[PDB]
Structures are given as structure tokens and as C-alpha cells.
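Colleague: Take a look and give me a structure for this.
(4 chains)
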Amino acid sequence: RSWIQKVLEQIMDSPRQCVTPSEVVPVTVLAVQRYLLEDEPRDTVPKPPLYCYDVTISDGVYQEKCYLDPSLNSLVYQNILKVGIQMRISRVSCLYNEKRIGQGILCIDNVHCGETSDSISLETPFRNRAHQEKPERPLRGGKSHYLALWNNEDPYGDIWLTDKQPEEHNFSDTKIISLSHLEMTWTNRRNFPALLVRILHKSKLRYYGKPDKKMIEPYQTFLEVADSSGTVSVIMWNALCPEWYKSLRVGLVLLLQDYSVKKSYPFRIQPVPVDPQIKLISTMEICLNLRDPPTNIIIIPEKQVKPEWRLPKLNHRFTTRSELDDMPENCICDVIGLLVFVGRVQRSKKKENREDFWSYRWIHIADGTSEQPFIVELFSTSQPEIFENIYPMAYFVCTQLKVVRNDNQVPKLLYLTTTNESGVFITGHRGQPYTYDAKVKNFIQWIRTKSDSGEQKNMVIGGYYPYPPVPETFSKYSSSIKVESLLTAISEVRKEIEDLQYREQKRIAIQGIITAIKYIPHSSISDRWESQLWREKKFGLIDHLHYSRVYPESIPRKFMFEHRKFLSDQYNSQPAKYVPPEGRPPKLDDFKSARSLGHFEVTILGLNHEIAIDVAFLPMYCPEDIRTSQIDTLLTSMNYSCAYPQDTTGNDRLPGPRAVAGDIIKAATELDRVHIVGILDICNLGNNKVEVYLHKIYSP
Amino acid sequence: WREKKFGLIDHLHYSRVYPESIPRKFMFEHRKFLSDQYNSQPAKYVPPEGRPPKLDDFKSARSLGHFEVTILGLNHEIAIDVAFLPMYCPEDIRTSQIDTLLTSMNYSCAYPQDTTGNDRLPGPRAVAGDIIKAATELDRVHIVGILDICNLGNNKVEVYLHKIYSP
Amino acid sequence: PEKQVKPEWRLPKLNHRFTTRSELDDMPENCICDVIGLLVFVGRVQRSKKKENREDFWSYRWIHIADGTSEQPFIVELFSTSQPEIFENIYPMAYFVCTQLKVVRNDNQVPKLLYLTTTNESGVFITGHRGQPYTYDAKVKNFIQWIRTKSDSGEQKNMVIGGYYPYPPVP
DNA sequence: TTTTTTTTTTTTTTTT
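Modeller: Numbers count the residues shown, from 1 in each chain, chains lettered A, B, ... in the order given. I have put the structure below:
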């Protein structure tokens, strides 16, 4: 028999009772689906976690979906409870979903997540066939739905339908009034007639679901649509995004018929159209709510489009690196280029809610117009299939990129960022979606010229990439940070490390003195230096923090199209559901390191000589940068270009890695008893793998 | 019940049968009194004409009594005491015009009419025993109860069980 | 009060590890147990100096509790359990019940030593006729049955009180 | 005592 069935029979007739199971045999996790925790008593002092998770264990005989007790949510937060792990259940309890007629829900009250399972069989049947239903929904609570395991803007599950194709509708007997006319007469007329518009901007999803509120699929997406008489902001309400979101895209002629015109929202701004001729309507807004007969939205095909209507054409503000160099800040633009680098999918905490996160990742889009790549801060645009599976050597096109500039720092910062109404599309060979635009044709011409010339731009994927480089002087660094939180204590650092969540990144500043720096030939005369101060105070340290370890996934690795899937999966966000690995995968140490140096280990003794720490120094600058003076100092972590070397062909005479390592060690030795201000980078790679890499050493 | 009767987080008590919820045989003489008892609340006051009889001195139209059914929650945390007011008569049980003894309506959906003599089936005492037995059968069976809630003015709200769907 | 006790709380029931002399003969040392028997001897209330403070003392006295399960009596080292009314006024021919008795054993000596000792959380209760506080336990019922059998058989166990009784015998 | 941010809302009259 199966441990699942044994436990179920053991605790089936004692609902909501904590019962240690008779026998504990490891079970295999196969999925972790997240959803909102609702219908629980929030009066409790430890406010219930905002979200709860369902774990789909398997026992070799049957696989059953379990509801993890929210008290254990920290395990999923730190990615300890992965997919395909050998967890052992120490406590179990039953629970009946009164909103449904089914069986008990095995509740995992206590667990001991272990190691990976060598036998991950997804062919096992489901003990409770209700669990194996086509629409994958949460165990508890009416018509509940699942959210993306990490962020709230990524569509996830099966409710997100993608089967809305154009339909031929005859417009005879239809009025299709102009948007300006509607703006004039939306406060008097009763039956708002039809509208023929074209989507010009599609924005990310917005999850406004709150606990203990009678809300069903609380999603809203903002669409800007334009006709021959202006443009308006169209908003899709809950229960409509699931059916239409994955299908609606920019450039689709829609026929909205039964809508609701409201006064518009003052806390949300309407993006300016690419073509200024389009008159902007700001006093009006169109709300699309799900209706009984699904006719409120119709995707009119292009073939039916008549020039007589003169519908506005989807334009684009495509920009090239050279042009971007001359564009003021906050000047929206579009970028088409070749992905020559992709970074980890890091996460940041929303400033509004402490339990929500943004998923972002840095990518160096590049073109033939300049020698520097577009640095784009790619936040999730509710396009997980493209965002998660993005790889170098791909023609990438984003839609709405706000320009961000900072000239105070000596390394002038010029990186683009994705806006709310942005979009991501991967292009293939000649411009697939945007061939007509001349800039796309020029980019394709450059691609062909490079291909026939035998030149290939260097490619990288993943790694430790703290793009924003701290300024050259601590005063300028602190000009933005508050005085009370500017610095921390070497002792308090431990809590900072222990507070981060999956891929949450943090930057802290610590006051101390470099005591001993050691060089670790990383890839496959003096490498260690010790300070007399260290030899004296090493025996009187209260707590010597040891975080000078570099993980294999923090080393950027040169991309290889053949191992594309493996390389991508080694740096994406943790998948929600297990998927068996094709054949055997290679070793993450089997790929060449895009870096060009070995990592050092820096020991810092606090100003009071009581506490110490061991950070790891991971410079990303090549010796050519040293020779041409593209680095503020040898103790920094980035060259000014903030980009990896391209087709390195000039290291024949330049000092080798060992010479640069000796220079770095000597520079560190120059700071013997000097109170320096280190800038550390704390990133938690999940599964209790927190990397603490040094960024900059601000000397007096 | 004896095991989980004391650990209940909440216990609803809606097992009251208000006197105006029992159908009552119509007497032509107290026409206005009965109609005003079973019609919508007047807007303006109208003084009563004499002393009308109490509603509890009129013969009921129901053969059986009424039970107090307790429905424990599936999680053994919340209990509700609904009331049961079966409309069916012994004749219905004799000719089998009731789906089950725990149903509040008969197949005819009409009170006994032009009925002269009913002694074939035991009166409205043994039928109560049969209903109690039917409830006893479902000792620990998960069932679904269809409650018919109706607000009878003031703070009087009636919660009367309609049907007990067995697995 | 017990009357207010509801069975749904499922409060734990006061159990007891009642033991008989024959069973105690097979119990390892430091194995706490409970004893119910008939007091067939009581010794002086001797005193011993606390090892912590030189000016404090322990009040203890040896008693030979006995039952019908064996021919040898429970030798119990009864230290004071903050029950002076019972400890001071203990007499033979009384059904005696202690609560937490640690077993003490010494096999090095030829006269194998097997005597129980009162622990910190121990307790003393004198019982009357049929088990007054602990009637329900089957061992108490067996002890009462033996008492009645002895009474109706005209047999009375010899009784003693006080005297010079250095229990622990030197090897 | 401490403690912040977010959106959600459907519908049968007028003619002068």
C-alpha cells in the first residue's frame, strides 16, 4: 500500500487534529502552486501569511495534492521546499473544503525537506481523482485560482486561455462612434454604442486581490487603444484578463460593443502616443467587464479593415545606442538588438506590500550602431514564456523603454528600464513582427554583415551582475542614502543575510579595516597577505562571520546554443512544477567562465576589533580595462563600461591574471590600518545559499 | 455529539418555530385577523376592531409535529440547530408520495384536500419515530442540508430544513 | 470541580504504576514505581544532614510495606513529603500507598539490597478498607482481596513499630 | 502601543 493512503485513513475521521503519522517514509514533491490565503482568522497576533501554498507530493503508488500549513511558508520563501525533493512529513491533519464536495485535504503541518530524489516519477496516478482535474485550482476555497510561485504579474495555471482567434463580424447596423464623440457625450447618453479601435499599448497584469475579500480572479490590465479620432485608456476587469489577456496584443483591431464608461482614474497616468497627432482623451475611460454573452470584445481581422476608417497605424520609436546617448532621461523609446548577455532573474520587494516581489533581470541588448550594449532592466511584463526562456544570440525587441540617466557618478549611468505598458518580443532572422521599420532592416543588415564577415559577438548568460556601480567617492554614494541607514554594523550583517528571500538582493555598507586578502585561482608571487593587526586581534573576536564562499551559479558562463536549455534553466526562477530532465544534463562547471580572473577572499575587522567578517571579492573587469583605465580602482567590482569583454584579442602583451591578482593584493595591502567603508552585495540564491560579494572599498 | 459537543467554536441556535410560520385552517369569521397576520405590513396605523383571537387557538394544517435537527460541521467545529417542519401527511407515506422521511415537501405540493378518514397508517406519533429512525441511520454520514431561510419581520428569522441529500 | 469536567476536553487521567513485590524483584534500578500494601513495621523518625547546608536535615524513616504477592516486604525509605500529619502519625496495620518510589538496587553485597526510596515528586496516602482513593486500579482490588482472605482465614501478619533498625547491611 | 500601499461598480425610457 501507499503511505499516502495509510495516513489518509489514519486521520480521515478527525478533522483539524494534529496527528503524528504512524510511519514516516520520504515523499517526493512534484509541484508548489501559490495562491491567496483567505477565510482564516486574521485577529491572531502573528498575522497570517498573505499567501499559502499547495504541495503535490508523490509516494510511488499515488500522488496527492497537499495543503502546506501556512506556518511553514518560510520553507517555500527560502526555496528550501523545491520541486523534486525528498521531504519527510512529521505531522499531518485533515480538513474538508466546505465549499466543495470531496475528500479530506492532507495538511502538512511539519516537514523535514531533504535532498533531491533520483526517482521522480510523474507517471504515478492521483489517489483523489478530483485533484487530477484539467483546470488546476487550489484545494481550499470556492472558485479559487493559482498565482505565479514568485511574482504576481506572471500569468500561471490553466485559467489563462490563449485560443481567441480573429472572427469575421459584419459591421452593418453597427454605429462604431468616434472616441472623441463618446468623450463629448458619455455623461448624457444611456446606451453607449460600439467602438472600432486598435490596441496601441498592452500593459502588465495588476493583481489587486486582498485577503478576506469576496474577489474572484482580481486581475486588471490597461490597454491603450486609438481610433481615427483620438485615443482612450481601456481597462479589462477581473475574469476577462484570464480569457483574453494571452490573446490580446498590440496591433489588433477590436470591436468593443457593451462597455462601461467611467470618469477615469486620477492616480494612474495615460502614456503619450508614439505619434503626437493622436489626440489624447484623459477625461474618459472605458471599462470592459465580463458579460453573459461573450460579445463585448471581438478581434476584427486585418482583412476586414477598410482604409476608409483610417485607423491609426502601430508606430514605434525604435532607437539605436548612438541616438540613445543623446536622449534626455525619462524619454520613452524602443530598442531592437542582439542579446549578448542575460542575467539572473533577481527579485525585489514591492514598496507597497512587504510580501510581494518584482521579477527583473538585466540584459545587454546590442546593435551595430555602437560598441556599447543597451543595458535594459527587464521587469516581468506578464510574458513568462519569453521572460523566463530568454537566451543570448536572439533578436530581442522591447516596446516601451524609459530612459534612465545619472551623471553625478564618474561612470555615467545610461540604462533603459521597462515601463508599465511595455512589451517583449523575440524576433527571428529578418524582422518578423516589425520588418517594415527601417531601423529593423538596418539591424538585420548588420546581422548579415557580421555573419558573412566571420565575426561573432561574445555571449554570456547568468552570474553575479550588480549593474548599478557605486560612485567613486563615499560622499556621493551616501548623498542618496539616509544617514541613519547609510552604514551598518559587522555584527548586524548576519541578520541582513538571514532576512533575505529567494533571489532577493541587498546592498549594505560596513566600516572596517582590511586584515587579510587571499587570492583563489578560480578558473580550473603572493596570493595570501596577512596584517599584523590580524595576527594580534584574531584570538579576541566575538563572532567571525564566514561568508567568503562563491557558488558555481554566480560565475557568468559563456553561452553555448547547444546547451541553451540547460544554461537557461540554471538561471531562471525556480519552476513551480517538476519537469523531467532530458537525457543527462552537463555540469555547471563544464562551461567556460565569462569572467577573466580569480575570486579573492577579503577579511574585514570592524572598527572595534571585536567582530570580523569574510567577504568574497569577485571582480568582473579584464586586464584591458586596467591598461586603458576603465576602473576607478583595483578594489572595485566593475569597469566603467559595465559590460563583458567583446572578442578578446589583445591579451598577448597585457599582464596575465596572476599579475592583476598581485596588483589587487598589493592595493589591498596599501590599506593596513585605514578605516575603509566596504560595500557588500547580499543575494540569496535559495536553498540557504546566500552569496555575500564585495562591491567597492571606499578609502578615506 | 457527546464527543464534540463541548469543543464547538460556535453553535448556532435557529431551532425556533415561530407561531406565524405554521399553516392554519381558515375560519371565515376571523378573516381580517388571519389576512393581516399573513399579509404585508401596513404603512399607516389602523386601530384593531375588538379583541382578535390569538393565532395559537386556530387548528393547524400539519398532521405531524416539528423536530429540532442538529447539523455538525464537516470539520467538527461549528454546529447549527435548524428546525424541521414536514408538510407531508400519513397518507403520503402510505401511498409513497414523499421521496424520504427527511423531506419538507410532498410530491403533490398541496395540503390534504377533501379527506374523510385517515387511519390506515399510524397517526402523527409513530411517523415521528420513523423520522427519528431515519436520522439515526445517518449516524456519521456526510450529508447536504438545504435550508429555507425566511425573514419574518422584526428579528424573527426562520431556518427550516428542506431536504437532507444523502451520499 | 470534577462535575464541570467535560469528556470532550479529553483531559489526561491520573494513572499509576502500581507494583507488587514479585514484579519489583524483576525491575531494574532507578525505575520509578508505585506501591500499595499493608504496613507491617515502622521505624524511628531518624534525621540526616543535608549535603548542601550543614544546618539542615532530612527526616526519614523505614517502613516495611507488604502485600500478598510475596513473602518479603517492600522496604521503603520514606523521607518527609511535606505531609507531617501522615508521616508523623504512621502506624502498622494500615493500608499505605506511596506515589513515586525510585527503585534502588545493590548486587555487590551478598545480601542483595532491594529497597525503594521516595523521590522529590512523591506522595503518601493512608487508605481505609477497600481502596478509598485508588479503588479503580486492579492491583488495589487484588490487595483488598488478599486483605479479606487473610482476615477471614484467621491469619494476621506480625506487626512491629520503632526500634534500632540500621537497614542497609554492611557487606 | 505602533503600523505601510494599490480599483474597482452595476444597470429598460422618453414626447415639446
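Colleague: partners of the helix or strand where residue A:361 lies, with directions?
Modeller: Using DSSP states H and E, the element containing residue A:361 is strand A:357-366. Strand pairing for strand A:357-366, using DSSP bridges, gives strand A:333-342 (antiparallel), strand A:346-349 (antiparallel), strand A:374-379 (antiparallel).
Colleague: What's the local residue count around the closest residue to chain C within the stretch 251-400 of chain A?
Modeller: As assessed by Cβ to the nearest Cβ, chain C sits closest to residue A:355 within the stretch 251-400 of chain A, at 36.7 Å. Every residue, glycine included, has its C-beta placed from N, CA and C. Neighbour count for residue A:355, taken as other Cβ atoms under 10 Å in any protein chain shown: 13.
Colleague: And the residue lying farthest from the centre of chain A, how far from DNA strand D?
Modeller: For chain A, the residue at maximal distance from the C-alpha centroid (Cα atoms, centre = their mean) is residue A:173, at 47.4 Å. According to Cβ to the nearest atom of the strand, to the nearest Å, residue A:173 stands 18 Å off from DNA strand D.
Colleague: do the same with residue A:94
Modeller: 33 Å.
Colleague: Please look at that residue and residue A:103 and confirm they touch.
Modeller: No - with contact defined as Cβ atoms under 8 Å, residue A:94 does not reach residue A:103; the gap is 9.0 Å.
Colleague: Give me the common contacts of these two.
Modeller: Common contacts of residue A:94 and residue A:103 (Cβ atoms under 8 Å, 6 or more residues apart in numbering or on different chains): A:8, A:12.
Colleague: of those two, who's got more company?
Modeller: Between residue A:94 and residue A:103, counted using other Cβ under 10 Å, the more crowded position is residue A:94 (22 against 17).
Colleague: and the end-to-end length of stretch A:481-495?
Modeller: Length of stretch A:481-495, first residue to last, Cα to Cα, to the nearest Å: 20 Å.
Colleague: mind listing what residue A:169 touches?
Modeller: Applying Cβ under 8 Å, 6+ apart to residue A:169 gives the contacts A:255, A:298, A:300, A:304.
Colleague: can you put those residues in JSON lines and add neighbour count and secondary structure?
Modeller: Listed next are those as JSON lines, based on neighbours: other Cβ atoms under 10 Å in any protein chain shown; DSSP: H, G, I helix; E, B strand; the rest coil:
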{"residue": "A:255", "neighbour count": "20", "secondary structure": "strand"}
{"residue": "A:298", "neighbour count": "19", "secondary structure": "coil"}
{"residue": "A:300", "neighbour count": "20", "secondary structure": "strand"}
{"residue": "A:304", "neighbour count": "14", "secondary structure": "helix"}
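Colleague: re the thing from before, tell me which helix or strand the residue farthest from the centre of chain A sits in.
Modeller: Using DSSP H and E, no helix or strand contains residue A:173.
Colleague: Quick check: it vs residue A:182, distance?
Modeller: Per Cβ to Cβ, to the nearest Å, residue A:173 is found 19 Å from residue A:182.
Colleague: swap in residue A:558?
Modeller: 56 Å.
Colleague: So for the two, which sits in the more crowded spot?
Modeller: Just comparing residue A:558 and residue A:182: by other Cβ under 10 Å the higher neighbour count belongs to residue A:182, 22 against 16.
Colleague: Tabulate the strands paired with strand A:357-366 in JSON lines, adding columns for mean neighbour count.
Modeller: Compiled in JSON lines, those are given as follows (neighbours: other Cβ atoms under 10 Å in any protein chain shown):
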{"stretch": "strand A:333-342", "mean neighbour count": "24"}
{"stretch": "strand A:346-349", "mean neighbour count": "18"}
{"stretch": "strand A:374-379", "mean neighbour count": "23"}
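Colleague: And residue A:158, how far from residue A:574?
Modeller: Taken as Cβ to Cβ, the span from residue A:158 to residue A:574 is 20 Å.
Colleague: So those two - more neighbours on which side?
Modeller: Neighbour comparison, residue A:158 and residue A:574: the larger count goes to residue A:574, with 17 against 13 (by other Cβ under 10 Å).
Colleague: Can you give me every residue that contacts the closest residue to the more buried one other than its chain neighbours?
Modeller: Leaving aside its chain neighbours, residue A:574 sits nearest to residue A:79 (5.7 Å; criterion: Cβ to Cβ, 6 or more residues apart in numbering or on different chains). Residues near residue A:79 by Cβ under 8 Å, 6+ apart: A:502, A:574, A:686-687.
Colleague: so who does the residue lying closest to residue A:104 once chain neighbours are set aside touch?
Modeller: Nearest residue to residue A:104 in three dimensions, chain neighbours excluded: residue A:94, at 4.0 Å (Cβ to Cβ, 6+ apart). Contact analysis of residue A:94 by Cβ under 8 Å, 6+ apart lists A:8, A:11-12, A:14-17, A:104-107.
Colleague: Can you list phi and psi of residue A:90 for me?
Modeller: When quoted as degrees, to the nearest 10, the phi and psi of residue A:90 stand at phi -100, psi -20.
Colleague: ok so residue A:449 is a helix residue?
Modeller: Yes - according to DSSP: H, G, I helix; E, B strand; the rest coil, residue A:449 belongs to a helix.
Colleague: residue contacts, it?
Modeller: Contact analysis of residue A:449 by Cβ under 8 Å, 6+ apart lists residue A:368.
Colleague: Report the separation between it and residue A:459.
Modeller: From residue A:449 to residue A:459 the distance is 18 Å (Cβ to Cβ).
Colleague: One more: residue A:682?
Modeller: 28 Å.
Colleague: what sits against residue A:131?
Modeller: Contacts of residue A:131 were listed using Cβ under 8 Å, 6+ apart, and they are A:56, A:64-65, A:139.
Colleague: Closest one to residue A:346 out of those, please.
Modeller: Relative to residue A:346, the closest of the contacts of residue A:131 is residue A:56; by Cβ to Cβ it sits at 27.0 Å.
Colleague: The closest one contacts residue A:64, doesn't it?
Modeller: Yes - between residue A:56 and residue A:64 there is a contact at 7.5 Å, judged by Cβ under 8 Å.
Colleague: between these two, who's got more neighbours?
Modeller: Of the pair residue A:56 and residue A:64, residue A:64 is the one with more neighbours under other Cβ under 10 Å, namely 25 against 21.
Colleague: Can you flag the buried ones in the contacts of residue A:79?
Modeller: For the contacts of residue A:79, a burial check counting by 16 or more other Cβ atoms under 10 Å in any protein chain shown picks out A:502, A:574, A:686.
Colleague: Could you check how far the residue nearest to residue A:574 is from chain B?
Modeller: Applying Cβ to the nearest Cβ, to the nearest Å, the value for residue A:79 to chain B is 32 Å.
Colleague: Count the residues that sit near the residue of the stretch 351-500 of chain A found nearest DNA strand D.
Modeller: Taking Cβ to the nearest atom of the strand, DNA strand D has its nearest neighbour within the stretch 351-500 of chain A at residue A:352, 3.3 Å off. The tally of other residues near residue A:352 (other Cβ under 10 Å) stands at 6.
Colleague: same deal with residue A:321?
Modeller: By other Cβ under 10 Å, the residues close to residue A:321 number 20.
Colleague: swap in the one 3 residues further on?
Modeller: Residue A:324 has 21 neighbouring residues, counting by other Cβ under 10 Å.
Colleague: Could you pull out the helices in the stretch 301-450 of chain A for me?
Modeller: Per DSSP state H, counting those that start in this stretch, the stretch 301-450 of chain A carries helices over the ranges A:321-324, A:384-387, A:438-452.
Colleague: do the same with chain A
Modeller: Secondary structure of chain A, counting by DSSP state H: helices at A:3-10, A:73-77, A:179-184, A:241-244, A:321-324, A:384-387, A:438-452, A:474-478, A:483-486, A:493-499, A:532-537, A:564-569, A:623-628, A:657-670.
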